[PDB]
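Below you'll find the structure, written out as structure tokens, and then a few comments.
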Amino acid sequence: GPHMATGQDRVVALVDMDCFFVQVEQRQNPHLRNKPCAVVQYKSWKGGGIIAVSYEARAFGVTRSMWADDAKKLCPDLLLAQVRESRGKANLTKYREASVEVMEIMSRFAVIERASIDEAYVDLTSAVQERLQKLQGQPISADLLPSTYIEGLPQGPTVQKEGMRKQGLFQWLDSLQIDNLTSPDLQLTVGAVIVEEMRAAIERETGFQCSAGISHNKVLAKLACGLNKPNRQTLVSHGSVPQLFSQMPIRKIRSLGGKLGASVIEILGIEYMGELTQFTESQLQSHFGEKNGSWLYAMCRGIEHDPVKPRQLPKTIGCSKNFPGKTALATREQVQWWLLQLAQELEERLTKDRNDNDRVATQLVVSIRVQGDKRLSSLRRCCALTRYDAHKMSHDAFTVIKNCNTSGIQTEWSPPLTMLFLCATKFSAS
DNA sequence: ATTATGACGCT
DNA sequence: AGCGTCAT
Ligand SMILES: Nc1ncnc2c1ncn2[C@H]1C[C@H](O)[C@@H](COP(=O)(O)OP(=O)(O)OP(=O)(O)O)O1
Ligand SMILES: [Ca+2]
Ligand code: NA
């Protein structure tokens with residue numbers, strides 16, 4: 001009844017760049033603009049592995065994880081840009097620096113949580129309150145929402161995409177109660193107005209287009225963002241949840257894409273998010289644990305409380321390289337040489353981080369995979385990180401893993417290593 | 001022979 | 001601590 005909280009207290013957005021690494025390459029090389037194109041890493045094995053795909057190229061069926069040689073079979077005119085190689089490994093600096101450009105623009109509008117290299121959550125609750133004051137009961141014009149979709153509309157008693165968008169928006173704005181500063185739907189709408197402004201600023205100042213979701217929490221905002229890509233934003237209201245979730249596969253919701261989501265489906269014998277509403281909170285806790293059960297009970301009702309954390313910078317800085325099949329490292333000299341390459345890249349990034357962000361890492365984590373293990377990581381060990389010096393870091397990393405060498409022979413390494421990873425963690429102000 | 005990352009949960 | 005899950 002009146003005491004039943006509905007998770008409508010906040011306005012949260014998720015802003016995500018469209019085909020991010022591709023846009024970075026298209027900005028730099030105008031010949032790639034408005035073309036089917038993809039970004040690839042390495043080149044020798046099957047033309048390289050695709051890591052980002054333009055929307056033009058997606059229309060041909062090109063996807064992430066595809067080998068470029070195979071992508072070319074679907075899309076013979078596909079254009080490719082290659083990730084830079086330094087010290088024998090892929091170097092993602094150009095994209096990290098592009099990411100910073102976007103995050104700094106978003107930060108002007110509100111506190112953000114960096115969720116990945118190309119996306120951030122935004123807590124707009126206070127910004128919306130402020131804007132509501134300026135508006136002073138004045139209605140919201142569709143002109144302020146030129147790229148916004150209202151999920152679930154139009155509905156009730158044109159055959160073009162943009163036509164439908166506008167009909168939905170009109171129905172939504174027709175129904176709004178602008179006299180109530182505390183209407184959650186009004187708050188979302190003003191939230192969307194602000195996100196239009198944020199997205200315009202990002203595009204003006206960087207050249208990059210993005211999409212966004214606006215809702216009452218991070219999970220719905222993320223889901224919303226994906227509903228209308230590219231270059232559009234989507235408002236998912238609390239009221240839109242029952243119909244949206246009624247046919248929404250469980251795996252689509254963030255954190256349910258893996259084993260947990262599979263177990264929800266298997267154990268409960270359901271397929272869609274909305275079907276979760278028929279279980280009690282205790283029932284869900286019984287199958288999935290106290291924390292997951294409570295989360296599921298609220299989430300299937302559109303309710304989620306995870307805060308937008310005030311964190312714009314990554315918490316760890318890492319460097320990693322695989323050594324698949326016949327390239328696995330089988331000698332001590334090999335292992336030491338590659339640890340050095342990784343350590344040198346890591347030192348470079350750490351030094352820049354210290355200068356830019358007034359902090360120092362204090363722990364070095366070393367991880368390897370051995371040939372045969374289905375797991376991505378086989379062994380992880382930490383040691384102290386007291387100096388930003390690659391030779392020291394590489395020597396220390398070797399020291400902590402050297403006992404893994406099954407080989408009786410000193411110079412040989414067995415089993416061969418198929419992955420090396422160095423990660424700096426535990427930052428302190430400096 | 002996806003690869004290169006990065007955040008958070010469990011015990 | 002070291003491992004596992006999920007994500008981009
Ligand atoms: N599995 C991966 N391996 C390596 N790099 C990845 C992987 N997934 C994503 N990336 C990199 C390249 C992407 O351009 C960037 C952002 O990822 P993501 O947001 O999932 O897709 P995207 O921005 O390329 O397309 P979209 O428009 O669908 O969001 O991060
Ligand atoms: Ca993206
Ligand atoms: Na993303």
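All values below come from the heavy atoms of this structure, side chains included, with hydrogens, waters and symmetry mates left out. In what follows, chains carry the letters A, B, and so on, assigned in the order in which the sequence lines appear, proteins first and then strands, with residues in each chain numbered from 1.
Closest to the side chain of A:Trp45, out of C:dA7, B:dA1, B:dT5, is B:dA1. The listed nucleotides are B:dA7, C:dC3, B:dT3; the one nearest the side chain of A:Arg380 is C:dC3. Side-chain proximity of A:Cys382 to B:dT2, B:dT5, C:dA1: nearest is C:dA1. Comparing B:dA1, C:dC6, B:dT3 by their closest approach to the side chain of A:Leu260 singles out C:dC6. The side chain of A:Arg311 lies closest to B:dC8, out of B:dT3, B:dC8, B:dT5. Candidate nucleotides B:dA7, B:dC8, C:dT8 were compared by shortest atom distance to the side chain of A:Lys222, and C:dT8 ranks first. Taking the side chain of A:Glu119 as heavy atoms from C-beta on, and the options C:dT8, B:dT5, C:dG4, the nearest nucleotide is C:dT8.
At the heavy-atom level, A:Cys423 lies nowhere under 4.0 Å from the strands shown. Among the protein residues, A:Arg251 comes within range of no part of the nucleic acid, since none of its heavy atoms lies under 4.0 Å from any strand. Looking at heavy-atom distances under 4.0 Å, A:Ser255 makes contact with sugar-phosphate atoms alone, never a base. Within the 4.0 angstrom heavy-atom criterion, only backbone atoms of the sugar-phosphate kind lie near A:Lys321; the bases stay farther away. Using a 4.0 Å heavy-atom distance criterion, A:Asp16 is classed as making no nucleic acid contact. Residue A:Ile317 is classed as a sugar-phosphate contact, given heavy-atom separations below 4.0 Å to backbone atoms only.
Residues A:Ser237 and A:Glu151 bring no donor and acceptor atom of their side chains to less than 3.5 Å of each other. A:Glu25 and A:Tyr95 share a donor-acceptor pair across their side chains, judged by distance under 3.5 Å alone. Counted by atom type alone, A:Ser211 and A:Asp18 present one or more donor-acceptor pairs between their side chains at under 3.5 Å.
Taking only side-chain nitrogens and oxygens, A:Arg84 never comes nearer than 4.0 Å to OP1 or OP2 of B:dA4. In terms of phosphate contacts, A:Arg375 brings no side-chain nitrogen or oxygen within less than 4.0 Å of OP1 or OP2 of C:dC3. An OP1 or OP2 oxygen of B:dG9 is reached within less than 4.0 angstrom by a side-chain nitrogen or oxygen of A:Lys291. Dashed line: the shortest gap from a side-chain N or O of A:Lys259 to OP1 or OP2 of C:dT5 is under 4.0 Å. A:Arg349 has a side-chain polar atom (N or O) that falls below the 4.0 Å cut-off from OP1 or OP2 of B:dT5. Of the side-chain N and O atoms in A:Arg64, none sit less than 4.0 angstrom from OP1 or OP2 of B:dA4. Residue A:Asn322 places at least one side-chain N or O closer than 4.0 Å to OP1 or OP2 of B:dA4. Put simply, A:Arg114 has no side-chain N or O that comes within less than 4.0 Å of OP1 or OP2 on C:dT8. At B:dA7, none of the side-chain N or O atoms of A:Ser116 fall inside 4.0 Å of OP1 or OP2 (strictly under the cut-off). Taking side-chain N and O atoms only, A:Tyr42 has no distance below 4.0 Å to OP1 or OP2 of B:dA1.
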- Item | Residues A:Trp338, A:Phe323; criterion ring-ring contact (aromatic ring centres under 6.0 Å, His included); working and verdict | CA-CA 10 Å; A:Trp338 281 107; A:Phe323 302 94; 5.1 Å; yes
- Report the C-alpha distance between A:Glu196 and A:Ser147 in whole Å, list the side-chain angles of each, state the deciding distance to 0.1 Å, and finish with yes or no for side chain to side chain donor-acceptor pair (under 3.5 Å). CA-CA 7 Å; A:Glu196 291 277 7; A:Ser147 65; 2.7 Å; yes
- Task: List the steps, then state whether salt bridge (charged side-chain N to carboxylate O under 4.0 Å, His left out) holds for A:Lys73 with A:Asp70.
- Result: CA-CA 5 Å; A:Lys73 304 170 183 167; A:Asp70 298 329; 2.8 Å; yes
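Annotation: cation-pi geometry not satisfied between A:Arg58 and A:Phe60 (NZ/CZ under 6.0 angstrom from ring centroid, within 45° of ring axis).
Per the geometry, CH2 belonging to A:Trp295 stands 14 Å off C1' belonging to B:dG9, to the nearest Å. Rounding to whole angstrom units, CD of residue A:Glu85 and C1' of B:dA4 are separated by 13 Å.
Both A:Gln363 and A:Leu376 lie close to DNA chain C; mapped to their nearest nucleotides by heavy-atom distance, the more 5′-ward contact belongs to A:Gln363. Taking for each of A:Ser320 and A:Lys46 the nucleotide of DNA chain B with the nearest heavy atom, the 5'-most of the two is the partner of A:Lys46.
The gap from the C1' atom of B:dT2 to that of C:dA7 amounts to 16 Å, rounded to the nearest Å.
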